[PDB]
Each structure stands twice: as structure tokens, then as C-alpha cells.
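Below is the file target-v6.cif, which contains mmCIF, C-alpha atoms and all ligand atoms; chains and numbers go by the auth columns.
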data_input
#
loop_
_atom_site.group_PDB
_atom_site.id
_atom_site.type_symbol
_atom_site.label_atom_id
_atom_site.label_comp_id
_atom_site.label_asym_id
_atom_site.label_seq_id
_atom_site.Cartn_x
_atom_site.Cartn_y
_atom_site.Cartn_z
_atom_site.B_iso_or_equiv
_atom_site.auth_seq_id
_atom_site.auth_asym_id
ATOM 1 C CA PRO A 1 49.091 -40.525 -7.480 0.00 10 S
ATOM 2 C CA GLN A 2 45.493 -41.069 -8.591 0.00 11 S
ATOM 3 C CA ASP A 3 45.871 -43.235 -11.698 0.00 12 S
ATOM 4 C CA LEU A 4 47.409 -46.672 -11.180 0.00 13 S
ATOM 5 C CA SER A 5 49.695 -46.200 -14.192 0.00 14 S
ATOM 6 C CA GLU A 6 50.827 -42.903 -12.687 0.00 15 S
ATOM 7 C CA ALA A 7 51.342 -44.519 -9.282 0.00 16 S
ATOM 8 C CA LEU A 8 53.433 -47.330 -10.780 0.00 17 S
ATOM 9 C CA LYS A 9 55.704 -45.027 -12.778 0.00 18 S
ATOM 10 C CA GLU A 10 56.346 -42.921 -9.677 0.00 19 S
ATOM 11 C CA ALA A 11 56.931 -45.818 -7.283 0.00 20 S
ATOM 12 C CA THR A 12 59.373 -47.585 -9.611 0.00 21 S
ATOM 13 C CA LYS A 13 61.542 -44.615 -10.566 0.00 22 S
ATOM 14 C CA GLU A 14 64.122 -45.587 -7.938 0.00 23 S
ATOM 15 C CA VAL A 15 64.409 -49.258 -8.891 0.00 24 S
ATOM 16 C CA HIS A 16 64.289 -48.384 -12.585 0.00 25 S
ATOM 17 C CA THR A 17 67.435 -46.280 -12.193 0.00 26 S
ATOM 18 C CA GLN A 18 68.931 -49.192 -10.265 0.00 27 S
ATOM 19 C CA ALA A 19 68.327 -51.370 -13.331 0.00 28 S
ATOM 20 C CA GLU A 20 69.942 -48.782 -15.609 0.00 29 S
ATOM 21 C CA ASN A 21 72.942 -48.732 -13.272 0.00 30 S
ATOM 22 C CA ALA A 22 73.409 -52.513 -13.235 0.00 31 S
ATOM 23 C CA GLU A 23 76.840 -53.403 -14.630 0.00 32 S
ATOM 24 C CA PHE A 24 75.380 -55.568 -17.393 0.00 33 S
ATOM 25 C CA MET A 25 72.949 -52.840 -18.472 0.00 34 S
ATOM 26 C CA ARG A 26 75.651 -50.176 -18.278 0.00 35 S
ATOM 27 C CA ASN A 27 77.920 -52.091 -20.642 0.00 36 S
ATOM 28 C CA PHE A 28 74.968 -52.826 -22.915 0.00 37 S
ATOM 29 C CA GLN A 29 74.317 -49.074 -23.055 0.00 38 S
ATOM 30 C CA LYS A 30 78.010 -48.299 -23.562 0.00 39 S
ATOM 31 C CA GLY A 31 77.725 -50.499 -26.646 0.00 40 S
ATOM 32 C CA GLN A 32 79.773 -53.128 -24.843 0.00 41 S
ATOM 33 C CA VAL A 33 77.704 -56.257 -25.432 0.00 42 S
ATOM 34 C CA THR A 34 79.122 -59.517 -26.751 0.00 43 S
ATOM 35 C CA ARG A 35 77.219 -62.139 -28.727 0.00 44 S
ATOM 36 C CA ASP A 36 77.633 -64.508 -25.787 0.00 45 S
ATOM 37 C CA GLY A 37 76.137 -61.876 -23.508 0.00 46 S
ATOM 38 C CA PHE A 38 73.271 -61.107 -25.872 0.00 47 S
ATOM 39 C CA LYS A 39 72.489 -64.809 -26.283 0.00 48 S
ATOM 40 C CA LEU A 40 72.143 -65.135 -22.511 0.00 49 S
ATOM 41 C CA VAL A 41 69.788 -62.151 -22.447 0.00 50 S
ATOM 42 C CA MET A 42 67.600 -63.636 -25.171 0.00 51 S
ATOM 43 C CA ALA A 43 67.485 -66.990 -23.383 0.00 52 S
ATOM 44 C CA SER A 44 66.428 -65.201 -20.197 0.00 53 S
ATOM 45 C CA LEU A 45 63.662 -63.350 -22.026 0.00 54 S
ATOM 46 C CA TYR A 46 62.341 -66.565 -23.527 0.00 55 S
ATOM 47 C CA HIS A 47 61.952 -68.187 -20.099 0.00 56 S
ATOM 48 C CA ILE A 48 60.456 -65.037 -18.581 0.00 57 S
ATOM 49 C CA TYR A 49 57.840 -64.449 -21.289 0.00 58 S
ATOM 50 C CA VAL A 50 56.896 -68.119 -21.523 0.00 59 S
ATOM 51 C CA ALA A 51 56.055 -68.003 -17.826 0.00 60 S
ATOM 52 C CA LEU A 52 54.348 -64.617 -17.919 0.00 61 S
ATOM 53 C CA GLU A 53 52.277 -65.486 -20.973 0.00 62 S
ATOM 54 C CA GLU A 54 51.293 -68.872 -19.542 0.00 63 S
ATOM 55 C CA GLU A 55 49.908 -67.060 -16.502 0.00 64 S
ATOM 56 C CA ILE A 56 48.225 -64.343 -18.543 0.00 65 S
ATOM 57 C CA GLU A 57 46.341 -66.996 -20.502 0.00 66 S
ATOM 58 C CA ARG A 58 45.299 -68.608 -17.207 0.00 67 S
ATOM 59 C CA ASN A 59 43.793 -65.347 -15.938 0.00 68 S
ATOM 60 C CA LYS A 60 42.611 -63.866 -19.252 0.00 69 S
ATOM 61 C CA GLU A 61 38.942 -63.810 -18.210 0.00 70 S
ATOM 62 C CA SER A 62 39.496 -62.783 -14.596 0.00 71 S
ATOM 63 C CA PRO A 63 38.236 -59.297 -13.686 0.00 72 S
ATOM 64 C CA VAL A 64 41.650 -58.710 -12.110 0.00 73 S
ATOM 65 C CA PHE A 65 43.391 -58.943 -15.492 0.00 74 S
ATOM 66 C CA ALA A 66 40.903 -59.050 -18.397 0.00 75 S
ATOM 67 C CA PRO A 67 41.081 -55.243 -18.893 0.00 76 S
ATOM 68 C CA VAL A 68 44.766 -55.470 -19.836 0.00 77 S
ATOM 69 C CA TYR A 69 44.572 -58.677 -21.889 0.00 78 S
ATOM 70 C CA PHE A 70 46.076 -57.886 -25.315 0.00 79 S
ATOM 71 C CA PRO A 71 47.397 -61.224 -26.686 0.00 80 S
ATOM 72 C CA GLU A 72 47.912 -60.296 -30.356 0.00 81 S
ATOM 73 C CA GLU A 73 49.441 -56.893 -29.679 0.00 82 S
ATOM 74 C CA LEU A 74 51.877 -57.963 -26.965 0.00 83 S
ATOM 75 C CA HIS A 75 52.646 -61.724 -27.025 0.00 84 S
ATOM 76 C CA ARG A 76 56.415 -62.265 -27.308 0.00 85 S
ATOM 77 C CA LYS A 77 56.897 -66.039 -26.983 0.00 86 S
ATOM 78 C CA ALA A 78 56.657 -66.782 -30.713 0.00 87 S
ATOM 79 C CA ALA A 79 59.094 -63.963 -31.551 0.00 88 S
ATOM 80 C CA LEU A 80 61.594 -65.259 -28.979 0.00 89 S
ATOM 81 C CA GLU A 81 61.301 -68.795 -30.367 0.00 90 S
ATOM 82 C CA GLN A 82 62.153 -67.436 -33.818 0.00 91 S
ATOM 83 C CA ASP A 83 65.064 -65.460 -32.379 0.00 92 S
ATOM 84 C CA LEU A 84 66.528 -68.296 -30.323 0.00 93 S
ATOM 85 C CA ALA A 85 66.526 -70.612 -33.339 0.00 94 S
ATOM 86 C CA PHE A 86 68.810 -68.021 -34.923 0.00 95 S
ATOM 87 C CA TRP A 87 71.050 -67.412 -31.890 0.00 96 S
ATOM 88 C CA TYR A 88 71.406 -71.005 -30.683 0.00 97 S
ATOM 89 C CA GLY A 89 70.609 -72.962 -33.829 0.00 98 S
ATOM 90 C CA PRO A 90 67.890 -75.539 -34.655 0.00 99 S
ATOM 91 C CA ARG A 91 68.437 -77.464 -31.414 0.00 100 S
ATOM 92 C CA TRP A 92 68.156 -74.334 -29.270 0.00 101 S
ATOM 93 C CA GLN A 93 65.624 -75.962 -26.922 0.00 102 S
ATOM 94 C CA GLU A 94 68.202 -78.480 -25.754 0.00 103 S
ATOM 95 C CA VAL A 95 71.092 -76.059 -25.348 0.00 104 S
ATOM 96 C CA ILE A 96 69.711 -72.756 -24.048 0.00 105 S
ATOM 97 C CA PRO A 97 70.646 -72.070 -20.421 0.00 106 S
ATOM 98 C CA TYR A 98 68.075 -71.867 -17.642 0.00 107 S
ATOM 99 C CA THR A 99 69.963 -70.399 -14.695 0.00 108 S
ATOM 100 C CA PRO A 100 69.006 -70.049 -11.020 0.00 109 S
ATOM 101 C CA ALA A 101 68.325 -66.304 -11.414 0.00 110 S
ATOM 102 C CA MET A 102 66.061 -67.004 -14.390 0.00 111 S
ATOM 103 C CA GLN A 103 64.293 -69.674 -12.326 0.00 112 S
ATOM 104 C CA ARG A 104 63.701 -67.269 -9.444 0.00 113 S
ATOM 105 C CA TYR A 105 61.925 -64.851 -11.782 0.00 114 S
ATOM 106 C CA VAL A 106 59.905 -67.624 -13.442 0.00 115 S
ATOM 107 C CA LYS A 107 58.955 -68.998 -10.021 0.00 116 S
ATOM 108 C CA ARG A 108 57.537 -65.658 -8.880 0.00 117 S
ATOM 109 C CA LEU A 109 55.600 -65.247 -12.125 0.00 118 S
ATOM 110 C CA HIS A 110 53.929 -68.617 -11.611 0.00 119 S
ATOM 111 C CA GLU A 111 53.224 -67.976 -7.913 0.00 120 S
ATOM 112 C CA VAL A 112 51.562 -64.692 -8.814 0.00 121 S
ATOM 113 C CA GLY A 113 49.553 -66.145 -11.680 0.00 122 S
ATOM 114 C CA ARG A 114 48.351 -69.151 -9.694 0.00 123 S
ATOM 115 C CA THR A 115 47.804 -67.704 -6.213 0.00 124 S
ATOM 116 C CA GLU A 116 48.038 -63.899 -6.445 0.00 125 S
ATOM 117 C CA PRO A 117 46.385 -63.139 -9.866 0.00 126 S
ATOM 118 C CA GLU A 118 45.525 -59.565 -8.919 0.00 127 S
ATOM 119 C CA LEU A 119 49.262 -58.791 -8.962 0.00 128 S
ATOM 120 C CA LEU A 120 49.899 -60.120 -12.475 0.00 129 S
ATOM 121 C CA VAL A 121 49.206 -56.651 -13.896 0.00 130 S
ATOM 122 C CA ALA A 122 52.384 -55.438 -12.148 0.00 131 S
ATOM 123 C CA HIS A 123 54.457 -57.959 -14.095 0.00 132 S
ATOM 124 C CA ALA A 124 52.672 -57.324 -17.389 0.00 133 S
ATOM 125 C CA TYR A 125 53.201 -53.583 -16.842 0.00 134 S
ATOM 126 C CA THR A 126 56.923 -53.946 -16.120 0.00 135 S
ATOM 127 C CA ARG A 127 57.605 -56.255 -19.061 0.00 136 S
ATOM 128 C CA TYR A 128 55.321 -54.906 -21.789 0.00 137 S
ATOM 129 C CA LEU A 129 55.193 -51.193 -21.041 0.00 138 S
ATOM 130 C CA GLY A 130 58.917 -51.374 -20.387 0.00 139 S
ATOM 131 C CA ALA A 131 59.627 -53.037 -23.734 0.00 140 S
ATOM 132 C CA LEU A 132 57.414 -50.428 -25.392 0.00 141 S
ATOM 133 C CA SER A 133 59.197 -47.508 -23.730 0.00 142 S
ATOM 134 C CA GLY A 134 62.847 -48.204 -24.479 0.00 143 S
ATOM 135 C CA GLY A 135 62.805 -51.185 -26.813 0.00 144 S
ATOM 136 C CA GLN A 136 63.700 -48.896 -29.715 0.00 145 S
ATOM 137 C CA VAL A 137 67.010 -47.797 -28.177 0.00 146 S
ATOM 138 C CA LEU A 138 67.884 -51.360 -27.160 0.00 147 S
ATOM 139 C CA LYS A 139 67.348 -52.720 -30.671 0.00 148 S
ATOM 140 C CA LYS A 140 69.498 -49.901 -32.058 0.00 149 S
ATOM 141 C CA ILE A 141 72.506 -50.502 -29.812 0.00 150 S
ATOM 142 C CA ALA A 142 72.056 -54.253 -30.273 0.00 151 S
ATOM 143 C CA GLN A 143 72.261 -54.536 -34.064 0.00 152 S
ATOM 144 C CA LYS A 144 75.040 -51.937 -34.117 0.00 153 S
ATOM 145 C CA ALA A 145 77.140 -53.910 -31.625 0.00 154 S
ATOM 146 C CA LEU A 146 76.393 -57.495 -32.669 0.00 155 S
ATOM 147 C CA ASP A 147 77.181 -56.760 -36.330 0.00 156 S
ATOM 148 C CA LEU A 148 75.110 -59.730 -37.456 0.00 157 S
ATOM 149 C CA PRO A 149 74.857 -60.874 -41.074 0.00 158 S
ATOM 150 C CA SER A 150 71.924 -59.920 -43.277 0.00 159 S
ATOM 151 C CA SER A 151 70.038 -63.133 -42.557 0.00 160 S
ATOM 152 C CA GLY A 152 66.837 -61.317 -41.576 0.00 161 S
ATOM 153 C CA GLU A 153 66.502 -62.984 -38.177 0.00 162 S
ATOM 154 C CA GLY A 154 67.459 -62.670 -34.536 0.00 163 S
ATOM 155 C CA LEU A 155 65.720 -59.508 -33.357 0.00 164 S
ATOM 156 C CA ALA A 156 62.019 -60.167 -33.948 0.00 165 S
ATOM 157 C CA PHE A 157 61.525 -59.770 -30.184 0.00 166 S
ATOM 158 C CA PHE A 158 62.129 -56.031 -30.524 0.00 167 S
ATOM 159 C CA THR A 159 59.288 -55.476 -32.968 0.00 168 S
ATOM 160 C CA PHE A 160 55.599 -55.637 -32.021 0.00 169 S
ATOM 161 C CA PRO A 161 54.002 -56.121 -35.468 0.00 170 S
ATOM 162 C CA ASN A 162 50.442 -55.966 -34.170 0.00 171 S
ATOM 163 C CA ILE A 163 50.831 -52.472 -32.715 0.00 172 S
ATOM 164 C CA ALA A 164 50.685 -49.685 -35.326 0.00 173 S
ATOM 165 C CA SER A 165 51.558 -46.911 -32.863 0.00 174 S
ATOM 166 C CA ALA A 166 53.428 -47.529 -29.612 0.00 175 S
ATOM 167 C CA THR A 167 52.395 -44.141 -28.222 0.00 176 S
ATOM 168 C CA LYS A 168 48.691 -44.691 -28.843 0.00 177 S
ATOM 169 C CA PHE A 169 48.815 -48.272 -27.574 0.00 178 S
ATOM 170 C CA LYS A 170 50.553 -47.236 -24.363 0.00 179 S
ATOM 171 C CA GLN A 171 47.767 -44.690 -23.856 0.00 180 S
ATOM 172 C CA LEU A 172 45.218 -47.465 -24.287 0.00 181 S
ATOM 173 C CA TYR A 173 47.117 -49.828 -22.005 0.00 182 S
ATOM 174 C CA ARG A 174 47.416 -47.165 -19.313 0.00 183 S
ATOM 175 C CA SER A 175 43.700 -46.404 -19.614 0.00 184 S
ATOM 176 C CA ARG A 176 42.874 -50.091 -19.150 0.00 185 S
ATOM 177 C CA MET A 177 45.171 -50.352 -16.133 0.00 186 S
ATOM 178 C CA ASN A 178 43.449 -47.372 -14.557 0.00 187 S
ATOM 179 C CA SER A 179 40.087 -49.038 -15.225 0.00 188 S
ATOM 180 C CA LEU A 180 40.987 -51.922 -12.917 0.00 189 S
ATOM 181 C CA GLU A 181 39.091 -51.924 -9.625 0.00 190 S
ATOM 182 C CA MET A 182 41.072 -52.811 -6.520 0.00 191 S
ATOM 183 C CA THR A 183 41.101 -52.092 -2.796 0.00 192 S
ATOM 184 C CA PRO A 184 43.769 -49.737 -1.411 0.00 193 S
ATOM 185 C CA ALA A 185 45.408 -52.862 0.033 0.00 194 S
ATOM 186 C CA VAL A 186 45.613 -54.595 -3.354 0.00 195 S
ATOM 187 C CA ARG A 187 46.763 -51.406 -5.068 0.00 196 S
ATOM 188 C CA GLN A 188 49.638 -51.247 -2.570 0.00 197 S
ATOM 189 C CA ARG A 189 50.500 -54.889 -3.247 0.00 198 S
ATOM 190 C CA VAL A 190 50.538 -54.243 -7.008 0.00 199 S
ATOM 191 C CA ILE A 191 52.850 -51.264 -6.592 0.00 200 S
ATOM 192 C CA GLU A 192 55.163 -53.349 -4.424 0.00 201 S
ATOM 193 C CA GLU A 193 55.009 -56.231 -6.895 0.00 202 S
ATOM 194 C CA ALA A 194 56.189 -53.891 -9.651 0.00 203 S
ATOM 195 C CA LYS A 195 59.255 -53.005 -7.575 0.00 204 S
ATOM 196 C CA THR A 196 59.768 -56.726 -6.984 0.00 205 S
ATOM 197 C CA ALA A 197 59.745 -57.279 -10.751 0.00 206 S
ATOM 198 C CA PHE A 198 62.541 -54.762 -11.213 0.00 207 S
ATOM 199 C CA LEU A 199 64.532 -56.397 -8.427 0.00 208 S
ATOM 200 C CA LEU A 200 64.164 -59.817 -10.059 0.00 209 S
ATOM 201 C CA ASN A 201 65.529 -58.296 -13.272 0.00 210 S
ATOM 202 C CA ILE A 202 68.408 -56.673 -11.402 0.00 211 S
ATOM 203 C CA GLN A 203 69.417 -59.906 -9.715 0.00 212 S
ATOM 204 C CA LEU A 204 69.263 -61.568 -13.135 0.00 213 S
ATOM 205 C CA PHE A 205 71.566 -58.922 -14.648 0.00 214 S
ATOM 206 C CA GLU A 206 74.004 -59.465 -11.795 0.00 215 S
ATOM 207 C CA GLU A 207 74.025 -63.216 -12.370 0.00 216 S
ATOM 208 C CA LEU A 208 74.501 -62.844 -16.116 0.00 217 S
ATOM 209 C CA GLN A 209 77.399 -60.448 -15.600 0.00 218 S
ATOM 210 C CA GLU A 210 79.036 -63.011 -13.294 0.00 219 S
ATOM 211 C CA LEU A 211 78.560 -65.879 -15.747 0.00 220 S
ATOM 212 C CA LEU A 212 80.250 -63.842 -18.487 0.00 221 S
ATOM 213 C CA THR A 213 83.307 -62.832 -16.483 0.00 222 S
ATOM 214 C CA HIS A 214 85.082 -66.082 -15.570 0.00 223 S
HETATM 215 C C1 LIG B . 69.285 -50.209 -20.109 0.00 1 Q
HETATM 216 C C2 LIG B . 68.403 -49.712 -19.062 0.00 1 Q
HETATM 217 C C3 LIG B . 67.179 -49.100 -19.343 0.00 1 Q
HETATM 218 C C4 LIG B . 66.988 -47.920 -20.000 0.00 1 Q
HETATM 219 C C5 LIG B . 68.078 -47.030 -20.604 0.00 1 Q
HETATM 220 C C6 LIG B . 65.563 -47.624 -19.954 0.00 1 Q
HETATM 221 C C7 LIG B . 64.984 -46.444 -20.453 0.00 1 Q
HETATM 222 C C8 LIG B . 63.629 -46.099 -20.283 0.00 1 Q
HETATM 223 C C9 LIG B . 63.055 -44.812 -20.652 0.00 1 Q
HETATM 224 C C10 LIG B . 63.687 -43.708 -21.504 0.00 1 Q
HETATM 225 C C11 LIG B . 61.801 -44.790 -20.140 0.00 1 Q
HETATM 226 C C12 LIG B . 60.896 -43.562 -20.031 0.00 1 Q
HETATM 227 C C13 LIG B . 59.913 -43.440 -21.176 0.00 1 Q
HETATM 228 C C14 LIG B . 58.990 -42.247 -21.020 0.00 1 Q
HETATM 229 O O1 LIG B . 58.169 -42.246 -20.080 0.00 1 Q
HETATM 230 O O2 LIG B . 59.094 -41.306 -21.833 0.00 1 Q
HETATM 231 C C15 LIG B . 61.544 -46.099 -19.569 0.00 1 Q
HETATM 232 C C16 LIG B . 60.306 -46.501 -19.063 0.00 1 Q
HETATM 233 C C17 LIG B . 60.058 -47.759 -18.514 0.00 1 Q
HETATM 234 N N1 LIG B . 61.019 -48.750 -18.332 0.00 1 Q
HETATM 235 FE FE1 LIG B . 62.930 -48.675 -18.807 0.00 1 Q
HETATM 236 N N2 LIG B . 64.876 -48.623 -19.262 0.00 1 Q
HETATM 237 C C18 LIG B . 65.863 -49.558 -18.915 0.00 1 Q
HETATM 238 C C19 LIG B . 65.630 -50.767 -18.261 0.00 1 Q
HETATM 239 C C20 LIG B . 64.372 -51.203 -17.839 0.00 1 Q
HETATM 240 C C21 LIG B . 64.125 -52.486 -17.204 0.00 1 Q
HETATM 241 C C22 LIG B . 65.179 -53.530 -16.817 0.00 1 Q
HETATM 242 C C23 LIG B . 62.774 -52.576 -16.997 0.00 1 Q
HETATM 243 C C24 LIG B . 62.063 -53.609 -16.370 0.00 1 Q
HETATM 244 C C25 LIG B . 62.232 -55.033 -16.647 0.00 1 Q
HETATM 245 C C26 LIG B . 62.205 -51.336 -17.486 0.00 1 Q
HETATM 246 C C27 LIG B . 60.860 -51.012 -17.360 0.00 1 Q
HETATM 247 C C28 LIG B . 60.331 -49.790 -17.720 0.00 1 Q
HETATM 248 C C29 LIG B . 58.951 -49.447 -17.513 0.00 1 Q
HETATM 249 C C30 LIG B . 57.875 -50.334 -16.890 0.00 1 Q
HETATM 250 C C31 LIG B . 58.771 -48.231 -18.031 0.00 1 Q
HETATM 251 C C32 LIG B . 57.410 -47.561 -18.120 0.00 1 Q
HETATM 252 C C33 LIG B . 57.368 -46.293 -17.295 0.00 1 Q
HETATM 253 C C34 LIG B . 56.011 -45.632 -17.333 0.00 1 Q
HETATM 254 O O3 LIG B . 55.079 -46.164 -16.704 0.00 1 Q
HETATM 255 O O4 LIG B . 55.876 -44.587 -18.002 0.00 1 Q
HETATM 256 N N3 LIG B . 63.177 -50.481 -18.011 0.00 1 Q
HETATM 257 N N4 LIG B . 62.681 -46.895 -19.613 0.00 1 Q
#

Go ahead and render the structure in this file as C-alpha cells.
Amino acid sequence: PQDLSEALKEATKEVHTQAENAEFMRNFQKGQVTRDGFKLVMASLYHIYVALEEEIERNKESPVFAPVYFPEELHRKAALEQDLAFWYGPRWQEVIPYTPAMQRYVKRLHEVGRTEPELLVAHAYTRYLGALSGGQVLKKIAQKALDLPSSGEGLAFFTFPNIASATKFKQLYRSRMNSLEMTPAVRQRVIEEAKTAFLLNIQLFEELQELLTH
């Protein structure tokens, strides 16, 4: 399509369905998620966002990313830190898992941010616009399946406090993405990087499912 945001949505429809079909995601949707499984997911997210946000900060002023730099509205690291302290306890940093599949994703995020900056938008798009599109349904199924106490912690990651309206913000984020100037060659690389992001998530889901079924 014409708009980058429109191109991305179209090009990733296939892999997105693949992600929905992943065994781990299927069970999560079927309300079949265990606390051990959810903990692993949260640990994964922490590593992923730490890496992504480290690279976003590195390229914040670059013309290849600046247009989509929204630190206050989107940053998730602090929320995940809060959540992990609840899920793994006060010494969470020394006990949370960092698996090979998580490492593969983190490695690509750093490669992109350090040597292929123009593709970082593909990862920001996949993570942030994705969390803003179906994060409401995930949070719902989560709290209803984990039956956690009323301790007021554990799911901060699912709430973006600095965004008053998700619909309006997504419109703004899409507009900014479409404002980015890139050659047809780069545009193709960004589209392909978005598919790569989904694949990295899918391989992660597969690994997590394996770790939980021994
Ligand atoms: C449990 C599986 C999942 C479900 C049920 C789900 C559901 C949805 C829904 C309903 C939309 C469409 C929103 C709309 O346009 O009205 C959407 C969009 C999106 N999802 Fe997912 N999703 C899932 C997993 C993922 C994963 C694993 C990622 C990537 C890490 C992801 C990334 C995205 C992105 C980037 C969009 C934005 C599409 C656009 O540009 O409009 N989703 N998702």
C-alpha cells in the first residue's frame, strides 16, 4: 500500500495469524495459562523491552527514528520491573530466566539498533502498536485466569498511563510512521524486519511451551 503503516499491517497479516496459532498463545486465549507460564512471559517481555528501549534511546535523535520517539507514552521497562518484583519477589533480578530464545530476540534488537537503525521502527511498531491493539483482551484473560490476590500489583505492563486514548494515539503513531522518509529498498527492509519480529516472537512462544511441558 501507500502508507507505511498500511503496508506493515498488510505484510504481517500472515505471520500475525501464525502467532495467534502458536500453541502457547492458543492456550493463553483458551484461558489456559498457568502462573508459571505467565511468569515466563513477563520475564521474556522484560528482556525484550529493555533491549528495545535501550536501542530507541540510542537512536532517539536520528531522522530514521525521531518521528516515532514517544518515551513517556510508550516506555514499558519501569512497568515490567514493578511487575517482576511482584511475580518473582524482591530478588527477581537474580532469579528470572533468560533463555536462548529470549537471547535471540534481544540479539536482533541490538544488531538493528547499533548497525541497522532504520529498521528499528519495525520493532517499535510490532511491540508498541501490537500491545496497543490487543493488550486489553490479554489483560482481561490474564487476571481472570491467574486469580491473583488484591495486592494491586503484577499487571502494570498492560496499562499505558501516559496515553489518554489508545485510538487517538495509534492514529498519531501511524501518522508519524508515514512521515518517515526512506528509499524503496529501506521500506522493503522495514517490512521484512516486521515479519522477522513476529517470527522471533513465534520461536519464543515455541520455546516457552517446551519449557513448561516437561
Ligand atoms: C494471542 C494472539 C494475538 C491476538 C489474539 C491478537 C489480536 C490482535 C487484534 C484484534 C488486532 C487488530 C486490531 C485492529 O486493527 O482493529 C491486532 C493487531 C496487531 N497485533 Fe496482535 N494479536 C496477537 C498476538 C500478537 C503478537 C505476538 C504480536 C507481535 C509481537 C502482535 C502484533 C500486532 C500488531 C503490530 C498489530 C497492529 C496491526 C496494525 O497495524 O493495525 N499481535 N492483534

Picked residues, the PyMOL selection byres (((not hetatm)) within 7 of (chain Q and resi 1)), as a ChimeraX atom specification: /S:14-15,17-18,25,28-29,34-35,37-38,134-136,138-140,142-143,206-207,210

Here's a test: counting all atoms listed in the file, identify every protein, DNA and RNA residue with an atom at most 12 Å from (59.4, -71.1, -11.6) in the file's coordinate frame, and state them as a ChimeraX atom specification. /S:56-61,63-64,107-123

Could you make a table, as a Markdown table, of the residues of segment 26-135 of chain S that have an atom within 9 Å of an atom of segment 161-185 of chain S, each with its nearest atom pair and distance in Å to one decimal, counting all atoms listed in the file, in chain and number order?
| residue | atom | partner | partner_atom | distance |
| --- | --- | --- | --- | --- |
| S:51 | CA | S:166 | CA | 8.8 |
| S:76 | CA | S:185 | CA | 5.5 |
| S:77 | CA | S:185 | CA | 5.7 |
| S:79 | CA | S:182 | CA | 8.8 |
| S:81 | CA | S:171 | CA | 6.3 |
| S:82 | CA | S:171 | CA | 4.7 |
| S:83 | CA | S:169 | CA | 6.7 |
| S:84 | CA | S:169 | CA | 8.4 |
| S:85 | CA | S:166 | CA | 6.4 |
| S:86 | CA | S:166 | CA | 8.4 |
| S:87 | CA | S:166 | CA | 8.6 |
| S:88 | CA | S:166 | CA | 5.0 |
| S:89 | CA | S:166 | CA | 5.6 |
| S:91 | CA | S:163 | CA | 7.2 |
| S:92 | CA | S:163 | CA | 4.3 |
| S:93 | CA | S:163 | CA | 7.1 |
| S:94 | CA | S:163 | CA | 8.1 |
| S:95 | CA | S:163 | CA | 5.5 |
| S:96 | CA | S:163 | CA | 6.5 |
| S:134 | CA | S:182 | CA | 8.8 |

Separation of atom CA of residue 132 of chain S and atom CA of residue 62 of chain S, in Å? 10.4 Å

Rounded to one decimal place, report the atom CA of residue 191 of chain S-atom CA of residue 126 of chain S distance in Å. 12.1 Å

Edge lengths and centre, in Å to one decimal, as AutoDock Vina command-line options: that's what I need for the box along x, y and z that holds all listed atoms of segment 183-192 of chain S plus 4 Å on each side.
--center_x 43.3 --center_y -49.6 --center_z -11.2 --size_x 16.3 --size_y 14.4 --size_z 24.8

Step by step: start from the point (74.6, -66.6, -29.1) in the file's coordinates, keep every protein, DNA or RNA residue that has an atom no farther than 8 Å from it, count all atoms listed in the file, and write the set as a PDB file with C-alpha atoms, in the coordinates of the input.
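Result file follows (part_19.pdb):
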ATOM      1  CA  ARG S  44      77.219 -62.139 -28.727  1.00  0.00           C
ATOM      2  CA  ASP S  45      77.633 -64.508 -25.787  1.00  0.00           C
ATOM      3  CA  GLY S  46      76.137 -61.876 -23.508  1.00  0.00           C
ATOM      4  CA  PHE S  47      73.271 -61.107 -25.872  1.00  0.00           C
ATOM      5  CA  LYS S  48      72.489 -64.809 -26.283  1.00  0.00           C
ATOM      6  CA  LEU S  49      72.143 -65.135 -22.511  1.00  0.00           C
ATOM      7  CA  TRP S  96      71.050 -67.412 -31.890  1.00  0.00           C
ATOM      8  CA  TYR S  97      71.406 -71.005 -30.683  1.00  0.00           C
TER       9      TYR S  97
END

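Counting only C-alpha atoms, the residue from S:197, S:72, S:222, S:217 that sits nearest to residue 10 of chain S is S:197.
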
Report the distance between atom CA of residue 131 of chain S and atom CA of residue 20 of chain S in Å, rounded to one decimal place.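 Here the two named atoms are 11.7 Å from each other.
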
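The protein and nucleic acid residues lying at most 7 Å from segment 149-156 of chain S are residues 40, 42, 43 and 44 of chain S, with all atoms listed in the file considered and sequence neighbours fewer than 6 positions away removed.
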
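Among S:102, S:70, S:148, S:13, the residue with the shortest atom-to-atom distance to residue 195 of chain S, counting all atoms listed in the file, is S:13.
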
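Of the residues under consideration (S:141, S:129, S:65, S:24), S:24 shows the shortest atom-to-atom contact distance to residue 204 of chain S when counting all atoms listed in the file.
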
Which of these, S:104, S:52, S:133, S:186, has the shortest distance to residue 12 of chain S once you count all atoms listed in the file? S:186
